[PDB]
Structures are given as structure tokens and as C-alpha cells.
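# Structural features, examined
Chain by chain, the residues run as shown.
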Amino acid sequence: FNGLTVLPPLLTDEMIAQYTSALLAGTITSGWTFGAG
Amino acid sequence: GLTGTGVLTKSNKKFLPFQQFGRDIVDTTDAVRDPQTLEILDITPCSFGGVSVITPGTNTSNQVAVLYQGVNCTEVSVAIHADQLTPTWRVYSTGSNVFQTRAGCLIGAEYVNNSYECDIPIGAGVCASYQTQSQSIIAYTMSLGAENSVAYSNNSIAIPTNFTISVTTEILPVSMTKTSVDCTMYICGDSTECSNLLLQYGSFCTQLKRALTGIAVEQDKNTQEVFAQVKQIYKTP
Amino acid sequence: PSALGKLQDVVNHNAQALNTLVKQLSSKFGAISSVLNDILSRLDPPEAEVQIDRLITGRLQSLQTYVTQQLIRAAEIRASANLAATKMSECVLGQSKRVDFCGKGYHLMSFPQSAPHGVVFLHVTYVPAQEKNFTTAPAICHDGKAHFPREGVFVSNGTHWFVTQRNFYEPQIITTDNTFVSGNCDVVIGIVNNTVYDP
Amino acid sequence: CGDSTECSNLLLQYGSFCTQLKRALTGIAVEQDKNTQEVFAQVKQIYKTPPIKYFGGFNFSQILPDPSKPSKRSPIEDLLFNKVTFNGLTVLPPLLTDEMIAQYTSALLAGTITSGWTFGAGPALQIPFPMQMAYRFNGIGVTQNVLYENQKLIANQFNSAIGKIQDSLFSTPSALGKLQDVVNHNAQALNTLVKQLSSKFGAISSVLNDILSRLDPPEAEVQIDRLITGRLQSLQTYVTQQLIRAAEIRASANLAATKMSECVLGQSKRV
Amino acid sequence: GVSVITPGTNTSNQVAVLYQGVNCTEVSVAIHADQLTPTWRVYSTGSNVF
Amino acid sequence: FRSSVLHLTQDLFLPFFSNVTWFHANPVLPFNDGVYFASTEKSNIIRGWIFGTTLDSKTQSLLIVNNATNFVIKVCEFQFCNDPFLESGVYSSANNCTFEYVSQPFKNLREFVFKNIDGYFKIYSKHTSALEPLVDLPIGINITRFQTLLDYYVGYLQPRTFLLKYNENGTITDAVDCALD
Amino acid sequence: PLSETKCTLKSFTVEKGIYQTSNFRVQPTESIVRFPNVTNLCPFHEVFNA
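Residues numbered from 1 in each chain as written, not as in the entry; some residues may be left out. Chains lettered and ligands numbered in written order. Part of a larger assembly, values for the part shown. Heavy atoms only, no water.

Regarding how it was determined, this PDB entry cites cryo-EM in its header, along with a resolution of 3.06 Å.

### With respect to the overall build of chain E
For clarity, the threshold we go by: A run of H or I in DSSP becomes a helix once it reaches four residues, and a run of E becomes a strand once it reaches two; helices and strands are each numbered from the N terminus. Accessibility here uses a 1.4 Å probe with only protein chains present; expressed as a share of the type maximum, an area under 20% marks a residue as buried, one over 50% as exposed, and anything in between as partly exposed.
From N to C terminus, chain E includes 1 helix and 2 strands. Taken from N to C terminus, the helices and strands of chain E fall in the order β-β-α. Its C-alpha atoms give chain E principal-axis dimensions of roughly 35 × 20 × 20 Å. Relative to its full complement of 50 residues, chain E shows a buried share of 8%.

### Re the overall build of chain A
Stated precisely, the cut-off is as follows: Accessible surface is estimated by sampling points in the Shrake-Rupley manner with a 1.4 Å probe; for residues, cover comes only from the protein chains shown.
Helix and strand counts for chain A stand at 1 helix and 1 strand. Taking the principal axes of the C-alpha coordinates as reference, chain A spans close to 55 × 15 × 10 Å. Across the 37 residues that make up chain A, the buried fraction comes to 27%. Accessible surface, chain A as shown: approximately 2400 Å² in total, 64% of it carbon and sulfur.

### Re the state of the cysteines
Going by this rule: Disulfides are defined in this document as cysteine sulfur pairs within 2.5 Å.
Evaluated as defined, the whole model comprises 8 disulfides over all chains. The disulfide partner of B:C183 is B:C205, and the gap between their sulfur atoms is 2.0 Å. Measuring handedness by torsion sign, the sulfur bridge of B:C183 and B:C205 sits at about 105 degrees and is right-handed. Linking B:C183 in the loop between strand 15 (178–181) and helix 2 (192–198) with B:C205 in helix 3 (residues 204–227), this pair joins segments that are 22 residues apart in sequence. Residue classification places B:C183 among the buried residues on the basis of a relative accessible area of 9%. There is no disulfide at F:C81, and the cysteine sulfur nearest it, in F:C76, is 15 Å away.

### Remarks on the nonpolar core
The condition is simple: To define a nonpolar core, start from buried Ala, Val, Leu, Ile, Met, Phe, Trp, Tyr and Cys residues and group those joined through side-chain atoms within 4.5 Å. Working rule for contacts: check all heavy atoms of both residues, and any pair within 4.5 Å makes them a contact.
Of all hydrophobic cores here, the largest spans 27 residues; its most connected members are B:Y186, B:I187, C:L21, C:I56, C:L63 and C:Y66. If you tally residues by element for this core, the top one is helix 3 (residues 49–91) of chain C, at 6 residues. C:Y66 has contacts with B:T179, C:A17, C:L18 and C:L21, leaving out every residue within four places of it along the chain. Listed in part, the 25 residues of the second largest apolar core include B:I157, C:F134, D:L64 and D:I154.

### Let's talk about the interface of chain C and chain B
Quick note on the threshold: As used here, buried area is the combined drop in accessible area, with a 1.4 Å probe, of two parts when they are placed together. Whenever two N or O atoms come within 3.5 Å, that pair is a polar contact, provided that in protein one can donate a hydrogen and the other can accept it, and provided that, for residues adjacent in sequence, both atoms are side-chain atoms. Note on residue classes: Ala, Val, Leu, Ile, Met, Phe, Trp, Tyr, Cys and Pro are nonpolar, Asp, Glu, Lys and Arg are charged, and everything else, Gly too, is polar. Between any two strands, at least two bridges found by DSSP are needed for them to pair.
Each partner contributes to the interface: chain C provides 65 residues, whereas chain B provides 44 residues. For the pair chain C and chain B, the two sides together bury roughly 5400 Å², of which 67% comes from carbon and sulfur. The largest per-residue losses of area from chain C upon contact with chain B belong to C:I56, C:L63 and C:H117, which jointly make up 10% of the total buried on that side. Our count for the contact surface shared by chain C and chain B stands at 20 residue pairs in polar contact. Among the secondary structure elements, those contributing two or more residues to the side of chain C that touches chain B are helix 1 (5–23), helix 3, strand 2 (118–136) and strand 5 (153–156) of chain C. In terms of residues, the side of chain C that touches chain B owes the most to one element, helix 3 of chain C, which gives 24 residues. Along the lines of polarity and charge, the residues of the side of chain C that touches chain B split into 37 nonpolar, 19 polar and 9 charged. Pairing analysis gives 17 bridges linking strand 14 (residues 156–173) of chain B to strand 2 of chain C, with the strands arranged antiparallel. Within strand 2 of chain C, the residue paired with B:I157 across the bridge is C:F134.

### With respect to helix 1 of chain C
Under the convention used in this document: A helix's residues, less one, multiplied by 1.5 Å, set its expected span. Directions are taken from the helix axis to each C-beta atom, and the arc is the one they span.
In this model helix 1 of chain C runs 26 Å from its N-terminal to its C-terminal C-alpha over 19 residues, within 8% of the 27 Å that 1.5 Å per residue would give. Listed as buried for helix 1 of chain C are C:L7, C:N14, C:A17, C:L18 and C:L21. Around the axis of helix 1 of chain C, the buried residues are gathered within 100 degrees of arc, so they sit on the same side. Counted as exposed and oriented over 90 degrees from the buried face of helix 1 of chain C: C:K6 and C:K23. Residues of helix 1 of chain C that are buried in the fold lie against strand 1 (4–7) of chain A, strand 14 and strand 15 of chain B together with helix 3, strand 1 (106–115) and strand 2 of chain C.

### Brief notes about the sheet that holds strand 3 (residues 29–30) of chain F
Residue and element names in this part refer to chain F. Read across the sheet, 6 strands follow the order 3-12-5-6-7-8 without closing on themselves; strand pairing throughout is antiparallel. Edge positions in the sheet fall to strand 3 and strand 8 (99–102), since each has one partner strand and no second. Both strand 5 (residues 49–52) and strand 6 (residues 61–66) contribute to a ladder of 3 bridges, which runs antiparallel. When the sheet's bridge partners are listed, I50 is paired in strand 6 with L63.

### Some details on the arrangement of the chains
Counting contacts across all 8 pairs of chains that touch, the top pair turns out to be chains B and C. Taking C-alpha atoms only, the smallest gap left between chain A and chain G, which are not in contact, amounts to 24 Å. Taking C-alpha atoms only, the smallest gap left between chain F and chain G, which are not in contact, amounts to 15 Å.

### Structural notes on the packing of aromatic side chains
Under the convention used in this document: We call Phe, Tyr and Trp rings a pair once their centres come within 6.5 Å, taking the six-membered ring for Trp, and we label the pair stacked below 30 degrees between planes, edge-to-face above 60, and tilted otherwise. Here, over-ring charges are defined by two tests on the NZ atom of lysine or the CZ atom of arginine: distance to the ring centre within 6 Å, and angle to the ring normal within 35 degrees.
Evaluation of the coordinates by the stated rule reveals 35 aromatic pairs over all chains. Arranged with centres 5.5 Å apart and planes meeting at 85 degrees, the rings of D:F60 and D:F129 form a pair that is edge-to-face. D:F129 carries the same exposure label as D:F60, and that label is buried. Positioned over the ring face of C:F101 is C:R98, at 3.9 Å from the centre of the ring. The ring of D:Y135 carries C:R166 above its face, with NZ or CZ at 4.7 Å from the centroid.

### As for the sheet that holds strand 15 (residues 172–177) of chain F
Residues and elements named next belong to chain F. Applied cut-off: What counts as an axis is a line fitted to C-alpha atoms, over the stretch in contact for a helix, and the angles between N-to-C directions run from 0 to 180 degrees.
A sheet is described by the order of its strands in space; here 3 strands give the open sequence 1-14-15, paired in antiparallel fashion. Looking at the sheet topology across the chains shown, the edges are occupied by strand 1 (6–13) and strand 15. Ignoring strand direction, the axes of neighbouring strands in this sheet form an average angle of 35 degrees. As paired strands, strand 1 and strand 14 (residues 158–166) are joined by 8 bridges and run antiparallel to one another. If you follow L8 over to strand 14, its bridge partner there is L163.

### Here's the deal with the packing of helix 7 (residues 177–195) of chain D against helix 9 (residues 221–263) of chain D
All names here are of chain D. What counts is decided by this rule: For classification purposes, an angle smaller than 35 degrees is called roughly parallel, one larger than 145 roughly antiparallel, one from 65 to 115 roughly perpendicular, and anything else oblique.
Relative to each other, helix 7 and helix 9 sit at 170 degrees, their axes nearing to 11 Å. With respect to helix 9, the axis of helix 7 lies roughly antiparallel. Contacts between helix 7 and helix 9 pair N186, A189, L190 and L193 from the former with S234, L235, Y238, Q242 and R245 from the latter. Partitioned by chemical class, the residues of the contact of helix 7 with helix 9 number 5 nonpolar, 3 polar and 1 charged.

### Considering the packing of helix 5 (residues 129–138) of chain D against helix 6 (residues 145–171) of chain D
All names here are of chain D. So the rule is basically this: Put simply, a crossing is left-handed when the front helix is turned counterclockwise from the back one by less than a right angle, and right-handed when it is turned clockwise.
One can describe the packing of helix 5 onto helix 6 by two numbers: an axis separation of 11 Å at closest approach and a directional angle of 110 degrees. Of the possible angle classes, the one that applies to helix 5 and helix 6 is roughly perpendicular. Classified by chirality, the crossing of helix 6 by helix 5 is right-handed. Here helix 5 contributes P130, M131, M133, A134 and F137 to the contact with helix 6, which in turn contributes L147, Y148, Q151 and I154. Per-class residue counts for the contact of helix 5 with helix 6 are 8 nonpolar, 1 polar and no charged.

### Remarks on helix 2 (residues 17–40) of chain D
Each turn of an α-helix holds 3.6 residues, which means side chains three or four residues apart point in the same direction. Under the 1.5 Å per step criterion, the end-to-end length of helix 2 of chain D is 36 Å for 24 residues, consistent within 8% with the ideal 34 Å. Of all the residues in helix 2 of chain D, the buried ones are D:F17, D:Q20, D:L21, D:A24, D:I28, D:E31, D:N35 and D:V39. Buried residues along helix 2 of chain D sit against helix 1 and helix 3 of chain C together with helix 9 of chain D.

### Structural notes on the pattern of salt bridges
Using the following cut-off: When a carboxyl oxygen of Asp or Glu is within 4 Å of a side-chain nitrogen of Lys or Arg, the pair counts as a salt bridge.
The full count for this structure, using the stated rule, is 17 salt bridges over all chains. Between D:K48 and B:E147 there is a salt bridge, with the nearest N and O atoms lying 3.6 Å from each other. Taken together, the positions of D:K48 in strand 1 (residues 45–48) and B:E147 in strand 13 (residues 146–149) put the pair across two chains. Given the relative accessible area of 59%, B:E147 is considered exposed.

### Here's the deal with unusual backbone geometry
Of note, C:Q130 is a non-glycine position whose phi angle comes to about 60 degrees, a positive value. On the secondary structure map, C:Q130 appears in strand 2. In this structure C:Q130 comes out as exposed when scored by relative accessible area, which is 51%. Notably, F:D118 is not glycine yet its phi reads approximately 60 degrees, a positive angle.

### Regarding a nonpolar patch on the surface
For clarity, the cut-off: Surface patches are defined over residues having more than 30% relative accessible area and no salt bridge, joining like charges when they lie within 9 Å and nonpolar side chains (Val, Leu, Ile, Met, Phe, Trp, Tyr) when within 5 Å.
On the surface, B:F163, B:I165, C:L108 and C:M109 cluster together into a nonpolar patch covering about 360 Å² of accessible area. Elements represented by at least two residues in the nonpolar patch include exactly strand 14 of chain B together with strand 1 of chain C. The residue B:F163 is located in strand 14 in this model. Assessed through its relative accessible area of 42%, B:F163 is described here as partly exposed.

Structure, rendered in C-alpha cells:
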């Protein structure tokens, strides 16, 4: 455009998916213990 | 010498012998006197307001309704009979279904005494819908829900005997897009005289760039504080 | 199909703002021509400073309005992000007792799901059903002493008396291990007489 | 401009600021309705109180609606209601009337007094008021026999404490200044906006009906531009202030909805 | 836009240059000629292009 | 006309608690953009006022004479021999007379306020509060001195800011001077 | 009015709902001027009817 630019995000969608999968795995394998230590 | 426009009616004001015209708190003219009758006449602005259109959807029908916000329908009929109304379209001149509401006058819908759930909000507790009744647009008063009565007593109690599992969803936004502005190509665009003239305005460009940079930096920490909570990557067996 | 409109509204608003900003360049703020390449490269008088100043002021005002609206929207975005982080931390990493915070009903557990510029939570709750009417009583007296239930509530099927929890029907025999003694029988209003088991 | 054609044609060269202004105003107007919707519309059943009103000694007549008066409001609600008091400007009526809000409040009160916390999380199970108060006393670490041994004293204390709120609200008219400040600010903003029309931003005359219909010279666009710019700046400032106040009101409404959901539909342990 | 990366003036004076949103082929074409706007091209000798 | 409103007005007024001058029951006094006049004598002998810039029949001058029933105004180059007294007893000659006017006929205080601006000469009066307007002339003479002919008071106006209060009927009830406290 | 809604939305299709399109006004019908009861005329009879 006329001096307009869009900046890409820092974290990609794959990293967010990995974080979500790790959260789900921790929840289904340890319950609430990983949340408190 | 005092020019204007409005409706002239008789009022009950009591002007002093040396008074000519009065003003209200906002310093607007609201009363004048006849130079040949010396009577008191009040001035009121002529009717005006917005127009709203109601449609059940172009994929279902082409019938619509018109709503004149904040006006009595008698003045609307008087203006339709003459040529004083500003909108030139009067296709609903033959429609006898005229109803008056607290939000205005509705033309093109019939009012019913029944009550249903609100589909299209109109105002003042009135909503409209498209029913088969031969299909047409109807108007009604919205209902809050079905009534219920509890069997209260001095020695009564209810205990459940079964249960069920339910799953619900919830959606929440986290961040938005990041944008940057050059502040020079947008205003001048390869023009030396324009740049020399803009150099005399100060540093608004710096403030704008700083605000945009701050927004762009905050957009990343918004996601960082939400998703980056755990420190280890767990795996399933 | 109208499920995720909340995430689409932000994109629509940003696109509309950008389109309006790029469209504002085709206007004339009291000058001989609207577009910049029309006079910034075709003008001949050197006193056209008064003509260029109009466009300069107009574009500066447009940029200022755009930045103000962006800040106003970013504030709400930050608020929503903080709310989402709080809900995540309080519903996913534990079991909350706050009513209607992690779903409708008695919360058990939650599961997060990723989404473009957002997040989705799946809440599992507990809902009772199939309730029945019963007769209740505050306490009972066997040896002229008032017996209060330790956990649960006293119910009667019409002929006998039992004690059960309030969230699930499960009759049990009233024994000394389920009740405690406190005071006499002449003080409680609405008390009834019944025997108490003692193994 | 007002009734003018030359000023209207000159205004077209500035773009679409009025489109953005109308869009922002429509967004605020739509949000003002959902603010009340998310707060008062949390139930799907309209519960009613039984004909008899004996609840073991507790008296709730001061909070229940009165069928004698035409407005179905509570005695206290009447006291609260009786102490809280043209060119291109229009005020839009709300969607829900006061009677619907009163009906919602009455249904909430009826559900609370007839089922306690069960209608909040599941089916509305009937339970007498004393048992409910006994379980509420047990929920804070006190044995339930304390209520069965002092029900009369506790009911007398409750009835005496309820009556004092009426006198406190009757003797203090400033207790509700928070709701009056918003109306005062809105009225003052409207008055300032309607007063700004009587200024001359570097022109020969201030008011619109003075030069827009009398202009003697044939070149006057430079005179109309001043008023156009001034009125546009005034409208922009007004819209910005309205947006800020709307954001504050949204925050307050979210806080009020959280308070309602966490204090009325259950018992909270938050200090 | 152009961004400069620095590890700190107290540790070293080496820096890096980042050209946002452009292919490096056009950048090399502009550097071989005199079409690039920034007059400083000291990093043209560095073969570490990524 | 205004009803039940408080209007802030900036104009020439007499400051509250000012230093007025008291005379018995007659030199020439200046005209500093306004002169306040008051009297309380029943069947007063002092009647009429003299206005002008030189007062020697060399330039146009203003003269007014008040009586028991009506009020007349004559503007001409009158020549006062020594001092006016009350007509031959006031002036002796007249030349190039321009205009002449007449008015409609009609405690015991009597107040007057004189003001000339933009070529208009208007006065105020009230008998026994605010003063009603009474007349106005489109006379464009230059007034610089003031003279009276026969206890009275003289006060000069100053540009001040005042807050006025109007009742339902549209009459001024109370006023507040922004300064002095 | 449906065409006006389509023009406002700039689309040949429109979903269900309510939309604001324009405003209505009542136009004046005639003009009225007022001036004092009488008029003091000039005595031209003293010059012409001499």
C-alpha cells in the first residue's frame, strides 16, 4: 500500500498447538498435581 | 428582520412592554410578538427523525416494513396526503395496517394480542417476526418465559435420583493484527516540497510510531501470558 | 454457522479501518484536486503551500483518528486477553467452586483448544435429574435427647425414616455413627420421635 | 449546515467521517442493551411465590412486590425510583421496560426463597427456609443446632435489620449520587454540544442561520470552511468522550454481572 | 522498514541488518546497482545471507 | 425575555460599594462613558440636563427639559451666557437646529442612567430594582462633558461582569458582582 | 426502500434485521413577512402641493 505494512506474529500456530497438546497431556496424566508442582 | 422556520401557536407567556422576543437556556428563539397585534406566539421546530427498514431476509421474501422514529402518525398521514414529506417513496400509501408504538409509527405490519419470543427487536418491548398466520410480518409484545410454581411446604423436600453429563463451549479473543505506518509516504509520497513543509509541524510522526510500536509489542505479550504457562512439554503414552 | 462471529468481527473491523484509511486519500480538503499525484507533480505556482497544507492537515487528522481508534480497541483486546488467561488458570489447572465461572452447573474439569486469534474451552459439568418428593424433619428424639444428622438429611418414605445425602438418593439406617446429640427435645420446633440404632 | 445546499455540497469533499460517527453511535447503542441483557436475563423460568407467606418467622414484605399499587415494584424500589431525577439530536428508548426488570427481580427473589441454591445449579428443589438457613450456617463452620436453638432471636434480628435500610435510604438522598452523576455528565455534554453552535471560528458571524442564509458576498467558501471544521472537531471530541464513557460503563456492567452471579445464585467464600 | 540488532555496546560493536518484507534477490540487485536508498552498504562483503 | 434562568452578562455597570459623590440641594462634570444620577427631592427644583463637548454654541449640543407631565428634547447650538437656571434663563441663541423630540405624558427615589455608544443616546429611569429602558435617539453628536441645571449623586460606570437572576414573570430579582470578594 | 437498504449495505443480498437508511423532514409551504402597524410617511405635500 502507501506506507502500510503488516507484521507477522512471533509464535506460529504449530507452537500454540504444541502448547495445547502439552497442557492436555499433563491434564490427562497428572490431573491437578502438575498445576501445583 | 428575524428569519426562521417552524410552527406558530399561541402561548401563555407574559412579556414586559419593552420585550420583543425570548430565548431559552441554550439561547435559541422560542417566542416572538406580532408587530401589528402585540400578541405572544411560541415557535416550535417542525417534525423530523430517522427511518428504519425491517426485512425478514431477501432469500425468503421481498416484503419490508417502515418505522418512523419519534413521531405521531397523524402528522405522517397529513404529510403523505400532501407533498411535504421528504422521502419520495410512498408505496405503503394503500396499506391500512397502521399501528402506533412508543418508539414511533409502524407501517406494513399487523399487531396481535399473542406473545412470543423476541425475534427482531424494535423498541419499548415490541418485536416483530415473519409467520405464516398467507405469510406476513406481525408485531407483538415479547415474553420473558414460561411461568413455574414451586410446591413450598413446611415439611417437603426433593431429592434427585439420576444425573447426566453435559459439555459446553466458550470462545474468547486473545489478540489482533499488527500494523505499521511510514507517516511520510502516506502524506507526501516522494515530494521534497511537501517534506520541507511537513518538517515544520513538529513530531506527531514520532508519537504515532511509538503508539503503534507499543501496540505491536503488547499484542505478543497478550498471547505469551495466556499460552506460555507450563515449563515442560508432556507427552502421552 | 454463526458460532465464531466474535473472532471474525475483529478481522472485519481492522480490514474496514484499513480500507477507509486508504480511501481517504482520494478526497480534496478545499483544494483544486484530490489525489496527491495530481497536484504534487503537476502544480506550477510556488505559492501552492496553502493548497498543500489542506491535504497535510486532513491526512494528519485521519492518521490521528486511526491511531485513537486502534488504542481504544487495543484496550478492550487487553481486557479480553486478561479475562481469558484468568479463566484458563482457574478452570484448566484446577477445580473451581465459583458459580457459573467454568460452565453451567457443578464443574468437574475443562479442556482448552486453540483457535485463530482466540481460544475455546470445553467445560464438563454435573446436572441432576429425576427428583422425587419426600417428607423431612429437623431432628429425632429416642431417649428424650435431640439427635442431629452429621451429614445428609432425614427423609421419610411414608412409613419409615432414613438418612441420605442431598445430591443423590441413597437411604441408610439411622445409627449413632451418623448423628450426634445436642440439648434436650423440648427446644427444637417440629421435632419427631423415632428409634436410634446402636450396634 | 442545516437546510443549506451549498454547505452540503462543500461538505461532500471531506470524505466519510459521519459514517464512522454513526457506526460508533450504533455500536454504543447496541452494547447498552446487551449490558442489561447479560446482567438481568440469567434465568429461563418465571417462579412465583405461594399464596401463604409464612417462612418460620422471617418477613420479606419489604422486598416483595406490592399488588395494590399499579406499578409492580417493592416498597424499597419505589423509594429508590422516587429519588433519582433539538437539531439532529435524538434519544433512543431502551429495549426492556422497567416492568420487565421488576418481573425478573421478583422471579429471582422467588427462586431464591423457594429453592435456595438448587435452581442455580440444576432443578429447583423445594426446601423449607429454616433447613436452608441451617445449612448456610453449617457452611461457615458453625453447628446447625445453633439455629434450631435461636431461630426466634435470629428472625427478630433479621426483621429489625431489614427495617433500618428504609430509614437509612430515606434520610440519605446522596447515597445514590453514583447513578445521578452519569445523567448529569450526559446532560452537560449535550448542552455543551448544542451550545458550541453559537461560536464564530474566525468568521463574520457565529450562528448558522446568520450567514448560511444571508451571505452578502459571492465568494464565501473560506468562511463556511471555518464553521465546518469547528463543528467536525466538536463532533469528534463528543464521540471520543462517549466511547470512553461507554468503555467505563461496560467494565462496570461486567463487574455487576460477576457480583450478581457469584453472590445471588450461591454462597461465596471470597473475603 | 529496516531494523538493527545489537548485543550491547559494552560487549561488542557488531550489528545485524533486517529488511522487513522483501526478497533478498531484489536487495542484491539493488546493491549491485545504485538504486538502494540507504547510502551505507558496508555489509555487502558479508556472504552470510539468510 | 428570560424565565427562571441565570445569565452571565458583561457590560458597563456601576461597581458595588463604590465612591459616589454627594452634592447639596454647579461646575461642569466629565462624561466617562456613562453617568449615574439619583435624586429623592419631592417636587424637585432641579429639572433638565445639558450635554455637549464644548458648550459655547460653536458645535452641536444636546439639551433636555423635564416637567410635571411630559418630557421634551431639543438638540441645537444653544449659547449659555453664564450659567443655566430655571427659555431665556438657560440659553440666548440658536443656530442650525437639527432635531426635536417629545415623549408620552404620564419612598420617592428617582434614578437615571446616561449612555452614548455607536451614535445612539439612550437613558433609563425608574420611580418608587432594575431600571427599565425609556428612550433612544439616533443622534450622532460627540458628548464629552456633563452639566445639570436647577441633593443629587454622580457615579461613573466601568466594564464589569455580573450574574443576573430572572423569575417566572421575567423580571430581574437579584444580582451578583463577580469581584470585590 | 429495499433498494435503498441494498445501496446502504452495498450488496444484492441482505440478512434479517433492522437497518437505518435515511431521515425524513417536512418542508415549508409558504412564507410570511411582518412589519409595523403603520408607516410614518414624508410630507411631500409641503413641496409639491405648494
